[PDB]
Amino acid sequence: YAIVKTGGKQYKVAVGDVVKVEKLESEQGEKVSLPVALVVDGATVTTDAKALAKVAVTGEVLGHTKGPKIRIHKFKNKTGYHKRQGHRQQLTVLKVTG
Amino acid sequence: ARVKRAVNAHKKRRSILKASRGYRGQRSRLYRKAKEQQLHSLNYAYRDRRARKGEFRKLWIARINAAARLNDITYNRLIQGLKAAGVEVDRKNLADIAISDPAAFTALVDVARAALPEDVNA
Amino acid sequence: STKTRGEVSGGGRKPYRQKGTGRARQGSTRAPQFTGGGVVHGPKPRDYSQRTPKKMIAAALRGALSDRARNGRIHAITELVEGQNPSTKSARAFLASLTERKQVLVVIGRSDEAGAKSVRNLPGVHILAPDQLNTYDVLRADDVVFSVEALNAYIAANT
Amino acid sequence: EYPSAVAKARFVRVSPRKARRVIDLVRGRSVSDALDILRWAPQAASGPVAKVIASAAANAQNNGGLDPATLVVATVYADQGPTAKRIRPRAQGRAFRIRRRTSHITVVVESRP
Amino acid sequence: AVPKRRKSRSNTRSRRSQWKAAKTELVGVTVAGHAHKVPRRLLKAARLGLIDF
Amino acid sequence: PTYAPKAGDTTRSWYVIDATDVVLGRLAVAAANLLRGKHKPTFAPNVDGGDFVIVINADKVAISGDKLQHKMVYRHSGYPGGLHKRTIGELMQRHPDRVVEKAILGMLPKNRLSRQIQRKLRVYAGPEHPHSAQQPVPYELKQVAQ
Amino acid sequence: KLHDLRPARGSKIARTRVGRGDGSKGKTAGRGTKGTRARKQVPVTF
RNA sequence: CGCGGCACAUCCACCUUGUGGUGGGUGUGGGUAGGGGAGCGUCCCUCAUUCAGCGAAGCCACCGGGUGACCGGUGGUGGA
RNA sequence: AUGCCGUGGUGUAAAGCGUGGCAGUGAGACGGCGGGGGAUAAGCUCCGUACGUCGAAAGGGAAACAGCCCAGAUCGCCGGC
RNA sequence: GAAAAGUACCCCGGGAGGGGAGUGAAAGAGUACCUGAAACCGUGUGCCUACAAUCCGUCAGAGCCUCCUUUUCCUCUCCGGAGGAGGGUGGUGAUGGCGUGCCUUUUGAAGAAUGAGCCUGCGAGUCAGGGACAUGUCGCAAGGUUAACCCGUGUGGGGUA
């Protein structure tokens, strides 16, 4: 297995491993190379750029699954203040093969 | 033109109650009582997502400490060493490794131990 | 129309005095917030009309007519009668054979033999004399029908 | 599975909670023993209920064709009926309200060998 | 003395539910003809025929 | 995420501390963290994890006499006054197990798990521990590094 | 025609409904004080 | 700081090279009374269009949708 | 010493001025530094400061805490310093 | 309900009331009658709860229960998802962290400062005037504009005081 750095974040992945990640420039079926921080083959533990810049994670994208819908407002107190809004982060699903 | 404003009231009224299900007593039955609780509930969620982030950091750190002390090293020196080595690895996945693969964790400890300079002098 | 305080019968009595009752500051039984009460800022019978310039009216009207003429929607006729008597049937056949539309505005003048009679009972058909030629009707109707006399007086009036 | 029979009485002049107090004694009990209980209920308000259960027996046995000896009170309701009200004078001109609450009693019976 | 506040639905139902009648009965009650059941207290009267349904 | 908080995935072994020369503070602290499970990478405050801790020779806990004759323990009743004031040394002569137990309870969190954990503790004043059917695991104290 | 007919941009600004909530203008929504102004428009002369 | 999504001013390049928009960059975006700008929904009228006793409106539940005021769809009751 | 008026260069999306339209405030509190009344007093009170904060500002820390310390939240993140 | 077609008859029952039949398109149209909301009462039922204190929630989050996809497998296999693993909607939510209710008015409030028992409906910044100042936009252009009144029919044309 390996730890991949993507979206400013680190995810634990494996060959054939579906994981929800941040939105990036992709379509429906494209191997996007992503850098890693640590590669673990079960005993060997890597550390340096000699390996980190040597291998990567090439996974395809099957769709763009949306995230959870957040309904929110801010309410302070006796002042009278209700700041209503929403948010739903657009994500995309990555099927790890490399 | 009398408009009979009920419909406009009923929209948000039922919209709130069906989301209010789960509260106790009148908090899940009455509009004007449910409305208030949702104000505080959502402020709580607003701050608690941020707290959730920090709390998960703390749990991950604590578990890292446990593994490190089992490997006869403290958190302070562990992280310092990882910085000197250049291991830009998060605490989340570091803890996951600390559980599912203690051996690789120990290997990272040996890396950090090697990376530490010598002592408390500079 | 509506009805408010002062028009509603009663309500001058002030029961439930202001201390020792445990009740509200009543003051009158026909006040808005009491049922059977008066209306606040209600629909008073406004008589209103947006008085406008003659120049604006005339320009709008001739503008719309010019649009119909540019679009080929003018049907200038000489008369409309089987000699004297009216015929809804005949006018229906003629107009349906000529215009092929629903909404029709007709201009004849003060001639009630069949001009202002055959056109009745025809859904979507309105008829008026030039001096009463508004724009709402014109903009609504597509295939506008004019009599020769209507054009003569109208054009002469507008030089 | 359980071809039940239903009987009920409306506009009964008996207070709901008092009826509840009575019918709590008969949930899941046999018809004949339940009626015996109601015959010897000191509450002196079980009468109407016993009448209703009797109507369950008559319908279950005659309309349905079942054996009364095997009937069990599947469920019983003490529904809140149309409440009326009548005014009562008290001291100092205080005009209080005394209510006349009624109920609707629904009984379901079924054979449970 | 007055109730300062409403009692919660929970506690009002607990007190309301702590209001019940007793259950007493007897089986095997032999009288003339059908063995009608009575309570033990009135059994002797039943044996003497001093009841009516 | 986490993989520890899973029903059945808790190992509760029996550790034994011959708490003689050890001081009260350090003793109670080691028992506290060890009992709660902070030595494990699977620590999960939401659950009653950790191993069981057995305290031996509680009568011998290294407490300075300067506090044996000054530090007091207070047990209020609920009645006017009713402050059952009693010397810690006297408590050591009578029920030292209560002394140690109390010290630990004040080092554990004010929660229900305090009680679920507390029931995992066995403190006996004497040297001999009746419960040897299980596996006693002598535990020693240290300063790890740094 | 009328289904095309529309007005010029900039005319017919929305009427400002006042006492219609906090998101629009406020609870007092204009007479935002507690002195005379909250009950009466003051003579400009005085 | 990082990784991503909206917004107002401004800078730059295009479509009418500010009608109003399109692409990129910097900085900005706690806020009561209160000012400004743009919006959500209900009823009625007109015009055009259009579903409907092969089941409208209102109501109940369910699944989804928008940045918001909110919406759409499905199923049931009911019957204009 | 500070502080203030005015001038000449430099730097900063920009603040400012005059001119019109529509409002609010017109009771302020505390803390820091200088002062009077009071007793060398007060969670006192009347002033000053291009001193702040609260008021109208959430969050961290001070055990809990409107006014002190740090820090001015557009939204999301199971990422770091 | 369009119409009284007003539940004949039979069975419980003192009666009321109910049930089975039956009319009616429909009885989810029975005089207490279109639709039948909410507060409220009540029955059944999945989950939690009798060693534990916090505006009565949120976020973490175990394990049960409902439903459901893939799958070893039940090969009885031209049937099915029985069961199980795993995965995933919607409940319950053990246990931990966090956290002093709205509004009004106040220098200052969760309040031991006030008002609200709950639900439903109603309820508060609008209108007349060729009023007045400023503004956006639309006619004309040293002009512009009519009022009253007249004629005419949908509110059009005249009418210069």
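With that out of the way, let us pick up the overall build of chain C. Assigned secondary structure in chain C consists of four helices and four strands. In chain C, the order of α-helices and β-strands from amino to carboxyl end is α-β-α-β-β-α-β-α. Its C-alpha atoms give chain C principal-axis dimensions of roughly 90 × 35 × 25 Å. Going through the 159 residues of chain C one by one, you find that 28% of them count as buried. In the form shown here, chain C has an accessible surface area of approximately 11,700 Å², with 50% of it arising from carbon and sulfur atoms.

To continue, consider the interface of chain B and chain A. Quite often, the size of an interface is put as the accessible area lost when its parts meet. Taken together, the 19 residues of chain B in the interface contact 19 residues of chain A. Note on chain B versus chain A: buried area summed over both sides is about 1,700 Å², and carbon and sulfur give 59% of it. Remark: the boundary between chain B and chain A carries two salt bridges. Where chain B packs against chain A, one counts nine residue pairs in polar contact. Secondary structure elements with two or more residues in the side of chain B that touches chain A: α2 (31-70), α4 (91-100) and α5 (102-115) of chain B. Each residue belonging to the side of chain B that touches chain A can be placed in one class, and the counts come to ten nonpolar, three polar and six charged.

If you rank the five pairs of chains in contact by how many contacts each has, first place goes to chains A and B. The two partners chain A and chain C share no contact, and the minimum distance between any of their C-alpha atoms is 26 Å.

Right, let's talk about the side chain of C:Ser147 for a bit. All names here are of chain C. Secondary-structure assignment places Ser147 in strand β4 (residues 144-147). Side-chain polar atoms of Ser147 contact the backbone oxygen of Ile108, separated by 2.9 Å. Residues in contact with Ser147, not counting those within four places in the same chain, are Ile77, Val107 and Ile108.

Another point: the packing of α4(B) against α5(B). Residues and elements named next belong to chain B. It is at 5 Å that the axes of α4 and α5 come closest, and there the two elements cross at 125°. Put simply, α4 runs oblique to α5. Across the interface between the two elements, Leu94, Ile97, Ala98, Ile99 and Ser100 of α4 pack against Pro102, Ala104, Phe105 and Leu108 of α5.

Our next topic: the interface of chain F and chain B. Across the contact, 16 residues belong to chain F and 14 residues belong to chain B. Taken together, both faces of the contact between chain F and chain B bury some 1,200 Å²; the carbon and sulfur share is 56%. Considering only the surface of chain F that becomes buried against chain B, F:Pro41, F:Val144 and F:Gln146 emerge as the three largest contributors, covering 44% of it. Scanning the region where chain F abuts chain B turns up one salt bridge. Taking the shortest distance from any N to any O, the salt bridge between B:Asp72 and F:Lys142 comes out at 3.3 Å. Split by residue class, the side of chain F that touches chain B holds nine nonpolar, four polar and three charged.

To continue, consider the side chain of F:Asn57. Residue and element names in this part refer to chain F. On the secondary structure map, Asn57 appears in the loop between β2 (52-56) and α2 (65-68). Since its relative accessible area comes to 8%, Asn57 is described here as buried. Among residues more than four places away in sequence, those in contact with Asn57 are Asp18, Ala19, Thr20, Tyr124, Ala125, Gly126 and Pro127.

The next thing to look at is the protein's contact with RNA strand J. Around RNA strand J there are 80 residues in total, and A:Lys78, B:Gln37, B:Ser41, C:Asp137 and F:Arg112 lie nearest to it. Sugar and phosphate atoms constitute 72% of the interface atoms of RNA strand J, taking the interface as everything within 4 Å of the protein. The side chain of D:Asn62 places a nitrogen or oxygen atom 3.0 Å from a sugar or linking oxygen of RNA strand J. In the model, a base nitrogen of RNA strand J is placed 2.9 Å from a nitrogen or oxygen of the G:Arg31 side chain. With ten residues, the single largest contributor to the surface near RNA strand J is α2(B). By residue class, the composition of the surface near RNA strand J is 25 nonpolar, 23 polar and 32 charged.

Glancing now at the pairing of strand β2 (residues 104-107) of chain C. Residues and elements named next belong to chain C. What you see with β2 is no split at all: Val104 and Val106 on one side and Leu105 and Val107 on the other are buried throughout. As paired strands, β2 and strand β3 (residues 125-128) are joined by four bridges and run parallel to one another. Looking at β3, one finds that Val107 is bridged to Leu128. Of the strand pairs in this sheet, β2 and β4 are connected by two bridges, and their pairing is parallel.

Core analysis: the biggest nonpolar cluster contains 27 residues, and F:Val53, F:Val55, F:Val100 and F:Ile104 have the highest contact counts within it. Those elements that provide at least two residues to this core are β1 (14-18), α1 (24-36), β2, α3 (88-94), α4 (96-105) and β5 (121-124) of chain F. With residues near it in sequence (within four places) discarded, F:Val100 still touches F:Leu24, F:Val55, F:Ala58, F:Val61 and F:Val123. In this structure, A:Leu38, B:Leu78, B:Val87 and B:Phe105 belong to the second largest nonpolar core, which totals 24 residues.

Turning our attention to the sheet that holds strand β5 (residues 36-39) of chain A. Spatial ordering of the open sheet is given by β2-β1-β5 (chain A), a layout of three strands whose pairing is antiparallel. Where the open sheet ends on each side, the last strands, each with one partner, are β2 (9-13) and β5 of chain A. Each neighbouring strand pair of the sheet contributes to a mean axis angle of 15°, computed without reference to strand direction. Judged from the three bridges that link them, strand β1 (residues 2-6) of chain A and β5(A) form a sheet pairing that is antiparallel. Bridging from a neighbouring strand, A:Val4 pairs with A:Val36 of β5(A). Taken strand by strand, α4(B) contacts β1, β2 and β5 of chain A, and its axis lies near 25° from that of β2(A).

Basis of the calculations
Residues numbered from 1 in each chain as written, not as in the entry; some residues may be left out. Chains lettered and ligands numbered in written order. Part of a larger assembly, values for the part shown. Heavy atoms only, no water. Helix = DSSP H or I, 4+ residues; strand = E, 2+ residues; numbered from the N terminus. Buried < 20%, exposed > 50% of the residue type's maximum accessible area, 1.4 Å probe, protein only. Areas by Shrake-Rupley, 256 points an atom, 1.4 Å probe, with all protein chains shown as cover. Contact = heavy atoms within 4.5 Å. Buried area = accessible area lost by both parts, 1.4 Å probe. Salt bridge = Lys/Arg side-chain N within 4 Å of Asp/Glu carboxyl O. Polar contact = N/O pair within 3.5 Å; in protein donor to acceptor, adjacent residues only side chain to side chain. Nonpolar A, V, L, I, M, F, W, Y, C, P; charged D, E, K, R; others polar. Axes fitted to C-alpha atoms, helices over the stretch in contact; angles between N-to-C directions. Parallel < 35°, antiparallel > 145°, perpendicular 65-115°, else oblique. Near = heavy atom within 4 Å. Pairing = 2+ DSSP bridges. Core = buried A, V, L, I, M, F, W, Y, C linked by side-chain atoms within 4.5 Å.

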